[PDB]
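**Student:** the data below comprise the sequence and an experimental structure of the protein.
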Amino acid sequence: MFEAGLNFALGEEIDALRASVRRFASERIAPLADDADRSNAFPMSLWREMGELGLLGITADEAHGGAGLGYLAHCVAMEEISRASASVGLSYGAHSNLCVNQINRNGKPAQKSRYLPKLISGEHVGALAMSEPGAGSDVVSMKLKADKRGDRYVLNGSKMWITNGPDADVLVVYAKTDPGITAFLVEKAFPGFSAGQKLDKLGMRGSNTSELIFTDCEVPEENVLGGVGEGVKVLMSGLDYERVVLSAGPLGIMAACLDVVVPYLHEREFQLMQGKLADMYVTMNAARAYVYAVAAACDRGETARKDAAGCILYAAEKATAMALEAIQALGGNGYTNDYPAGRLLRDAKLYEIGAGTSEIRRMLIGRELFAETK
Amino acid sequence: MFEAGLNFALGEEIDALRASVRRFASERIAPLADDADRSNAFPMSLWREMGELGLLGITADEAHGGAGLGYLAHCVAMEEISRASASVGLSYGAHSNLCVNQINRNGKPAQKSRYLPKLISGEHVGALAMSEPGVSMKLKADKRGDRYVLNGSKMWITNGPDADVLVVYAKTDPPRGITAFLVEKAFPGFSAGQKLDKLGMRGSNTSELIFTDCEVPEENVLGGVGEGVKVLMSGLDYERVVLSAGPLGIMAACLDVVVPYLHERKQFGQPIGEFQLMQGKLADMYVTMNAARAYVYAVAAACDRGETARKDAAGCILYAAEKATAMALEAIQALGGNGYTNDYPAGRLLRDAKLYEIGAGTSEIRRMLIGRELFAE
Amino acid sequence: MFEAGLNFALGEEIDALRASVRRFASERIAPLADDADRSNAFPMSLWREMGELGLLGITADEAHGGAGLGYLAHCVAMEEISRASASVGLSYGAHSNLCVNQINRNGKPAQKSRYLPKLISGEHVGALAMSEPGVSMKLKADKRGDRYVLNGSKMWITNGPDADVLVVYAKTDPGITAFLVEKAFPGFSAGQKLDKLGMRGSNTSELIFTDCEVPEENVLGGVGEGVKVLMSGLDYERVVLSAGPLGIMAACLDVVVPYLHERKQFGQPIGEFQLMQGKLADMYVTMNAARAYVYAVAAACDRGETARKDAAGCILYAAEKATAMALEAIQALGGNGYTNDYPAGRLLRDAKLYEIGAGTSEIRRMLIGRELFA
Amino acid sequence: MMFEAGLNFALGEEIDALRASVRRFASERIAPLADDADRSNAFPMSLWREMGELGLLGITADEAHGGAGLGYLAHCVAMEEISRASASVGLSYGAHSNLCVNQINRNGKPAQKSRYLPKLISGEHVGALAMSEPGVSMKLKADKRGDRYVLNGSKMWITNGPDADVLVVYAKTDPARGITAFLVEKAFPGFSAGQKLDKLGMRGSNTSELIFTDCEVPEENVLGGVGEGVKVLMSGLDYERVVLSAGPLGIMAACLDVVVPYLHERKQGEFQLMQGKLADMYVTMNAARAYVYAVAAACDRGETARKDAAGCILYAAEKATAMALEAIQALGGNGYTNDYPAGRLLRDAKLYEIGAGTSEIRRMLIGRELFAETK
Ligand SMILES: Cc1cc2nc3c(=O)[nH]c(=O)nc-3n(C[C@H](O)[C@H](O)[C@H](O)COP(=O)(O)OP(=O)(O)OC[C@H]3O[C@@H](n4cnc5c(N)ncnc54)[C@H](O)[C@@H]3O)c2cc1C
Ligand SMILES: Cc1cc2nc3c(=O)[nH]c(=O)nc-3n(C[C@H](O)[C@H](O)[C@H](O)COP(=O)(O)OP(=O)(O)OC[C@H]3O[C@@H](n4cnc5c(N)ncnc54)[C@H](O)[C@@H]3O)c2cc1C
Ligand SMILES: Cc1cc2nc3c(=O)[nH]c(=O)nc-3n(C[C@H](O)[C@H](O)[C@H](O)COP(=O)(O)OP(=O)(O)OC[C@H]3O[C@@H](n4cnc5c(N)ncnc54)[C@H](O)[C@@H]3O)c2cc1C
Ligand SMILES: Cc1cc2nc3c(=O)[nH]c(=O)nc-3n(C[C@H](O)[C@H](O)[C@H](O)COP(=O)(O)OP(=O)(O)OC[C@H]3O[C@@H](n4cnc5c(N)ncnc54)[C@H](O)[C@@H]3O)c2cc1C
């Protein structure tokens, strides 16, 4: 509902993609956003609908139903989707980027043919499992065991905070094969695999998050993803691309902030208010510029850990700040659950923690700068 | 649980008061804070308990059964209660300051004797109603014989659906045609709307009030007819001072949750409190806590001296409110994923804190007030 | 020099332009920056030099010696210039954009023929005089025959004492008209240069008009149409000027990064300290976001899109960020950062100008906030 | 004109009297030369005797030696009024009266205090404190030789360095808790000051390195015990921090002094933004005062904590810098000229985020303390 903004000239294809996703999001997602938050449940019908629109495999190969587009495209879809529901945006990102994109980049032809088509149609839901109760920030200290036994790897332990955890049919799981790390393709139907009950979160309540438990979970050796002991490389790259695409989550939240604020103020010319509005608009636009420039850079093949970390750092902090201003501009009404401003705040905060914290991002950028400039 | 902090030397009586309230808040209030947020309702049984401890009439005169203490004392009580549950704190503040203190300051002896005793014991709950959907207020009071008839609505009233006694501002003559009234829940033509569904302060019952030819005896005029603007202004100064201890208690709670976590959470082989960035974050929280406290206590003390503090009262609530919300965001940050779950109270602290940047006058209004007064005198 | 950062892929032409301008800047401007600041005087020889490089007419028509380039190119040139000396950059912006570009856009071909060639060669210096001590301007231009007679004053004029050609706004009826004024016109006089906190190499003065005769063929843009003329290119001015703060930010990293390796405390380069890494990260991210936003606005202008809000936005943003970054630069250097031996203090002093000169942050916020309704 | 509104803190008649006195001296005598001190890059030396005469130089010194015998709150108030007139004079004053005189008053033996305090208190002598070095891992050597310690090395960034007659100097008496503080006289052969530094601000505050080349120090000039220097240094830093925090206080008070009168007589929704900005300056001022005064009063009760001293200077220094930036903003073009003092307030304010230990160091100290306190 607030649609002014700087044109970035992303090209006809991406403009069409934007108009498409925006139409889909306003018609099919936005009406369910509040309900998803209130019921604490992802609206499952969206999986196939997004599959049918080609959003789920947007950066995956056209062999398997994918659209073969790039990270700028993915950012735009993620932004429109998150604009309608940040929760659906987060689940979508975790499926389409965390799971699908890692398989597409590190998977062998046989593996991709086996797992991708259903992930891309939305028949299967995907997840990525890296974090553990005692290994979050310090992720390489993970303790999930994977012991070779015949033509199988037996998995023992747990993962935590997994987006789409209770629903995922296919998961990319990192495990210690030598306490070092290996990535595995895990099916929900593998015996010894279980999901915990969904978490009760401050925000992202439409997004089903759970622990995972592995009790003698047998994984075929042909389901290793990217080679034994080479899980850390796979992980690292996975974090880069995660960072760029997920930074569009905050973008969508910021767009939603203006969506509620501007019409509100037009149904309800004070100067402090106009200044507040200006700061929101300018922030939104700068954040867009930065994220799109980083995404285009990734598409040209200049992926730097620095700038991906930087754009999610920046966008996440700005989205939270702006949600606070959205509530503020609405006043008392903004403090009620009758308006979505509160939910925008609750949702936005996740991005300063998930995908690595602000602290970890700042440190990565600092250490990297210092390392390359010596 | 986190008890580091600057000693402000408030004296033995205030130190003892802090000890009593802290004991009550930790033993009684904290274990039901989550429940209050979840059920979206005030735990009514607390009223009489707070009544018993002498907290509800803390600034009311001893002649009417109050404790006869001042705003510094009241800030301290409000802080310790808010630290345990910010919802309970807001309700308490609205009862004991917005209502009880307005009556203590402005009431004739007979109004005070009629209304104060049950408000002080907690048999009665109290509220204050000023704000409307549209001091250009529209609530109308017309004379009818020896009574006043009230017509209109008030919005966003803390303790609204439960209040037995209300201080209500109304137009008797449409500017300097405002009058304050003591209203009883019992008066016909008075009702409360449904309770609000809020981001935070969910344990604090809030609603609109609807006055439909509501009859108020002329003897219930509070502070003289046409004089409502003076009663309202003064009320606002004291309201801001006492309510600013709400953000203080929330800040204290941020430290309570974060500090034991910094010790107990290990990553990279170390408690995360040993990492430079986290030490910095902690330092900033601590310094902010102490500065906010210093400012608020100084303003309250000035009030107890009977000094002017309009700018300074607006200022200490502006300041505290903004800091508390910022600090709750950092508390969630410091706890990480755990801090993003409802199993931890950090999220609740954030949701509750934001209230004070709107409720009881917004940040914007506080800024404009302060700047205007400066630019004049 | 710190030359790392996001690639924006501006194209071969702009990249070659950046390279040439940077070579010129480090060779000819940078060694004079301190001296310009200490003597409070523009190094005049730079005019002809910049004229020889085609920089003064970068966005002006080729038929008059201009480069015929656009605002993105101009921002890049302005950025590389300001990175070597902010004062030189400010004077350069006033000459090449505020004066030359206004003539190029609103000047009749005869006027451009008369005034542009020397401005472009650098034989003449250009200025813009709009601001007055008090749309409430009081400089009056009275039509007496084939002449307009100018009486009044203008204030804070960049290149004031040196300008040969000035675009000058005046009230012809209280209503506004822009004029081309020559230094040689009798009744025109410049006041002594101001003594400023920063931008000390940039010669600012008041102007005084006492019965100054301007011929009617020197009306710029049409009688009573001065406000359209002004409004136009307040925008382009904002875009191009926002590259001043960009140059300064680049300069901040230019001084901070090397120092973070060389300085050692507690047995380590200070760059290994976590708070330091945090700070450097915030600087880097800010630099990239600001560049992204300014380049996007400039490219929008070059596509001929309207960008009132976004031009005001990008200078608002970039000016505030540059000042904050200069502060951190001083911080990162410690005691040394506090001495005039290092350039950090100068960068802070210079940066503050852009929040307060050529508009103010408050005006920019109100403008954006009003145009966004409200 | 001056801005004199603000929250009353009820500091008592003695302190209110001191405040009126110093504010009179500051606006009458110091303010008119603040720009001169800045432009000439030189402390106005004649101020020393005058501040001695007003009882300001030994404000926390024992009365038996001529001092006022007042405390840290009192000292903060004096520092604040002085700094409000000229931050440079305030920094030189702070270094003399707290960094030097107070260290001697707390750690000196009776004979040491008798010998050195009287001329420092009357302002006949200028005092300094020397601890920092270009490289507590300092390199300044003090080798015991007979009944004298021989000093070799250098100190850097010393306030009042070129002028100091008496300096408290820290050195390593054993490169293995091997630190000792010393009372050093300018008159000692082998001691000299370097050229005065050329600084962004605090330009009226003379700052230099010190150079000790086989500088002979009498062994009776050991301050507070051989090897005990780390203790002396640390406590010195706590009190340094509390009193110097009033430097930023004075700078903030100056910001309002320049802004509020200007905002009246200047006339063009930017003015509402302006009122908001004025509100934030006012509130910030009052908050910082409340905190600094609370920490100082705590010190006067005998409660000194590393945390709170560090905290109040961290807070105040950051606030003063931000407010100076706003003062310039509020005065617009005029604020950007050297004809108004706002530019100077900014340049000066920045110093307090570095000197006395950077904001980074303060944050770490506080965090490490809290962590130790809550394990
Ligand atoms: C909604 C949600 C969805 C998620 N989805 C997924 C998923 O799909 N896949 C997946 O693998 N994981 C997922 N996670 C896990 C997520 O990545 C973790 O929450 C986070 O990365 C790990 O932090 P933690 O929760 O262990 O907190 P901690 O790591 O304990 O952090 C606590 C605090 O300490 C700070 N800190 C830690 N180390 C340092 C240091 N060295 N220096 C300075 N400060 C430090 C942090 O900044 C933080 O403030 C999800 C989490 C959430 C909340
Ligand atoms: C928990 C809670 C308890 C409350 N309890 C009581 C009570 O007991 N008694 C009572 O009388 N009231 C009470 N209120 C009312 C409360 O004070 C109002 O909600 C608050 O003052 C804001 O009113 P509003 O919702 O109409 O905001 P609005 O006034 O609609 O605010 C809209 C936005 O515009 C801004 N704005 C408005 N006017 C201007 C202007 N002139 N210039 C610049 N900006 C402007 C505001 O900052 C705000 O961001 C309570 C509110 C809350 C939230
Ligand atoms: C280095 C430099 C170079 C310059 N070069 C040029 C040039 O080449 N050409 C040219 O025309 N001008 C030039 N200027 C003028 C410049 O645009 C002004 O100095 C400034 O942008 C406008 O503010 P002011 O100086 O008049 O101060 P004021 O506008 O008086 O500022 C006082 C404060 O009040 C606020 N305020 C300002 N106006 C209003 C209003 N109408 N209503 C409410 N509040 C308001 C502002 O936010 C400001 O913070 C230059 C200035 C500088 C410093
Ligand atoms: C005007 C002035 C007057 C002075 N007067 C005196 C005086 O009278 N007596 C005296 O003894 N000294 C004096 N000093 C020196 C002052 O104490 C030092 O400048 C300060 O203690 C340290 O600054 P530095 O130059 O050593 O910076 P550095 O130590 O080189 O610091 C460089 C940067 O690294 C950062 N850093 C360093 N260590 C760490 C860490 N462990 N973690 C994170 N970040 C870190 C710092 O924050 C800083 O940003 C004075 C200085 C000035 C500027």
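**Tutor:** Yes, it's here. Numbering: from 1, shown residues only, chains lettered A, B, ... in the order given. Ligands and ions are numbered 1, 2, ... in the order given.
**Student:** could you point out the longest helix of chain A?
**Tutor:** Criterion DSSP state H: the longest helix present in chain A is helix A:271-300.
**Student:** is it anywhere near ligand 3?
**Tutor:** No: Helix A:271-300 stays clear of ligand 3 (C-beta under 6 Å from any ligand atom), getting no nearer than 9.0 Å. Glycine gets a C-beta too; all of them are placed from N, C-alpha and C.
**Student:** report the closest residue of the stretch 251-374 of chain A relative to chain B.
**Tutor:** residue A:342 (3.8 Å; C-beta to the nearest C-beta).
**Student:** just give me the neighbour total for that residue.
**Tutor:** By other C-beta atoms under 10 Å in any protein chain shown, the residues close to residue A:342 number 24.
**Student:** who's in contact with the nearest residue to it once chain neighbours are set aside?
**Tutor:** Spatially, and ignoring its direct neighbours in sequence, residue A:342 is nearest to residue B:199 (3.8 Å; C-beta to C-beta, 6 or more residues apart in numbering or on different chains). Residue B:199 is in contact with A:327, A:335-337, A:342, A:345, B:351, B:354-355, counting by C-beta atoms under 8 Å, 6 or more residues apart in numbering or on different chains.
**Student:** which stretches of chain A form helices?
**Tutor:** Using DSSP H, helices in chain A cover A:12-24, A:30-39, A:45-52, A:71-84, A:86-93, A:100-106, A:109-121, A:231-246, A:248-267, A:271-300, A:305-330, A:341-349, A:358-372.
**Student:** and those as JSON lines, adding distance to ligand 1?
**Tutor:** Shown next, in JSON lines, are those (distance: least, C-beta to the nearest ligand atom, whole Å):
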{"stretch": "helix A:12-24", "distance to ligand 1": "22"}
{"stretch": "helix A:30-39", "distance to ligand 1": "13"}
{"stretch": "helix A:45-52", "distance to ligand 1": "16"}
{"stretch": "helix A:71-84", "distance to ligand 1": "13"}
{"stretch": "helix A:86-93", "distance to ligand 1": "7"}
{"stretch": "helix A:100-106", "distance to ligand 1": "11"}
{"stretch": "helix A:109-121", "distance to ligand 1": "15"}
{"stretch": "helix A:231-246", "distance to ligand 1": "9"}
{"stretch": "helix A:248-267", "distance to ligand 1": "11"}
{"stretch": "helix A:271-300", "distance to ligand 1": "20"}
{"stretch": "helix A:305-330", "distance to ligand 1": "12"}
{"stretch": "helix A:341-349", "distance to ligand 1": "9"}
{"stretch": "helix A:358-372", "distance to ligand 1": "3"}
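**Student:** domain parsing for chain A?
**Tutor:** As recorded under curated CATH domains, the domains making up chain A are A:6-125, A:126-238, A:239-374.
**Student:** nearest to ligand 4 among those domains would be which one?
**Tutor:** Of all the domains of chain A, the one in closest proximity to ligand 4, counting by C-beta to the nearest ligand atom, is domain A:239-374 (11.3 Å).
**Student:** and the closest one, anywhere near ligand 4?
**Tutor:** No: judged by C-beta under 6 Å from any ligand atom, domain A:239-374 makes no contact with ligand 4; its nearest approach is 11.3 Å.
**Student:** centre of the chain to that domain, how far?
**Tutor:** From the chain centre to the centre of domain A:239-374 is a distance of 14 Å (C-alpha atoms, centre = their mean, to the nearest Å).
**Student:** briefly note if that domain comes near ligand 2.
**Tutor:** Yes: part of domain A:239-374 sits near ligand 2 under the criterion C-beta under 6 Å from any ligand atom, namely A:270, A:272-273, A:328-329, A:331-332, A:335.
**Student:** between these, which is nearest ligand 3?
**Tutor:** Distances from ligand 3 to those, taken by C-beta to the nearest ligand atom, are shortest for residue A:272, at 13.0 Å.
**Student:** what residues does the stretch 101-250 of chain A have near ligand 1?
**Tutor:** Contacts of the stretch 101-250 of chain A with ligand 1, taken as C-beta under 6 Å from any ligand atom, map to A:127-131, A:136-137, A:161-163, A:204, A:209.
**Student:** which ones among those residues map onto strands?
**Tutor:** A:127-129, A:161-163, A:209 (DSSP state E).
**Student:** distance to ligand 4 for these - can I get that in JSON lines?
**Tutor:** What follows is these, written out as JSON lines (distance: C-beta to the nearest ligand atom, whole Å):
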{"residue": "A:127", "distance to ligand 4": "39"}
{"residue": "A:128", "distance to ligand 4": "35"}
{"residue": "A:129", "distance to ligand 4": "36"}
{"residue": "A:161", "distance to ligand 4": "31"}
{"residue": "A:162", "distance to ligand 4": "36"}
{"residue": "A:163", "distance to ligand 4": "35"}
{"residue": "A:209", "distance to ligand 4": "36"}
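**Student:** out of these, name the two that are farthest from one another.
**Tutor:** Greatest spacing in those, by C-beta to C-beta: A:128 and A:209 (12.2 Å).
**Student:** of all of the stretch 1-150 of chain A, which residue lies closest to ligand 1?
**Tutor:** Distances between the stretch 1-150 of chain A and ligand 1 by C-beta to the nearest ligand atom are smallest at residue A:136, namely 1.9 Å.
**Student:** distance of that residue from chain C?
**Tutor:** From residue A:136 across to chain C, the span is 18 Å (C-beta to the nearest C-beta, to the nearest Å).
**Student:** one step back: the longest helix of chain A vs helix A:71-84, what angle?
**Tutor:** If you take axes from the mean of the first three to the mean of the last three C-alpha atoms, to 10 degrees, helix A:271-300 sits at 150 degrees to helix A:71-84.
**Student:** tell me the angle helix A:271-300 makes with helix A:231-246.
**Tutor:** Going by the same axes, to 10 degrees, helix A:271-300 makes 140 degrees with helix A:231-246.
**Student:** of all of chain A, which residue lies closest to chain D?
**Tutor:** Counting by C-beta to the nearest C-beta, chain A gets nearest chain D through residue A:271, at 3.1 Å.
**Student:** which residues of the stretch 1-150 of chain A lie near ligand 3?
**Tutor:** Proximity of the stretch 1-150 of chain A to ligand 3 (C-beta under 6 Å from any ligand atom) involves no residue at all.
**Student:** in the stretch 1-150 of chain A, what residue is nearest ligand 3?
**Tutor:** The stretch 1-150 of chain A approaches ligand 3 most closely through residue A:6 (23.9 Å), counting by C-beta to the nearest ligand atom.
**Student:** check chain A too.
**Tutor:** Closest residue of chain A to ligand 3, C-beta to the nearest ligand atom: residue A:271 (9.0 Å).
**Student:** need phi/psi at the residue nearest to residue A:342.
**Tutor:** Here the main-chain torsion angles of residue B:199 (degrees, to the nearest 10) amount to phi -60, psi -40.
**Student:** and stretch A:59-66, end to end?
**Tutor:** Stretch A:59-66 has an end-to-end distance of 7 Å (C-alpha to C-alpha, to the nearest Å).
**Student:** that'll do, ta.
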